[PDB]
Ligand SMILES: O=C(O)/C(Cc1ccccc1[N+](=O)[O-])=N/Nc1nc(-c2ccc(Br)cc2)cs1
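There is one chain below, alone, in structure tokens, taken in the form solved without the ligand.
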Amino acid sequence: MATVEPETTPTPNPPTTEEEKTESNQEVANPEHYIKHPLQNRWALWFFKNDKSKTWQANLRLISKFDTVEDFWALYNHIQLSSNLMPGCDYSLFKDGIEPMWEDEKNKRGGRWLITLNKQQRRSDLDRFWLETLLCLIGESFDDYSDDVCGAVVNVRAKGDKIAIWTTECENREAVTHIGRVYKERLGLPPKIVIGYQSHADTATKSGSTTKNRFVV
């Protein structure tokens, strides 16, 4: 026995709301019907991807900016989920005060550390290492010293995710090493992940290693 009729039954799906969805249901849950965390500063997020035909400078696109955790949070659930983590994709997170190499040129003259993330452990590593950075940038690990950190760029080579953070004043070795050595050390890169450190000063020297600027481990 069997009756064939033109009709398809809804395909059951697991509840999560983490597969590119605009709102779902998070109201009437607790007295906190509008809890927003006030950040000391405002950080905007830029997304630039280089295609095999055009330059990144021309493919520079902006995603959004936020001066409150509740803000970046709303974006996190819309950006964090393979929404735009395709090959050749990149995104930066710095102070909105930044400028196209005009007055905030100091961001380019500063310094930054580069980390190599692998999608293989993205589940725990990318989720933990990233979540920590966000809260660490604003208030954690780097502490108030983070105020110097101009921003961080994330470049994911196809499947390999990469994260980089740049300091406003490369001279602030206190943040450079303390936040860079603690982040890489606390993250557990030295004994596995190679975190290359690049300083703008290298432009006026380059060629082989000289001082604390151009080390990966």
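Numbers for residues come from their place in the sequence shown, where the first is 1.
The form deposited with the ligand bound exists for this protein as well; it is not shown, and the discussion that follows is about that form.
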Quick one: of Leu189, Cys170, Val69, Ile63, which gets a non-hydrogen atom within 4.5 angstroms of the ligand in the deposited bound form?
-> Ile63
Would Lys106 show up as a contact with the ligand in the deposited bound form if we use heavy atoms at 4.5 Å?
-> no
Does the ligand get within 4.5 angstroms of any non-hydrogen atom of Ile79 in the deposited bound form?
-> yes
Partner proximity in the deposited bound form: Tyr183 to the ligand, non-hydrogen atom cutoff 4.5 Å | no
Check each residue of 145-163 against the ligand in the deposited bound form and list those with a heavy atom within 4.5 Å, in sequence order.
-> none
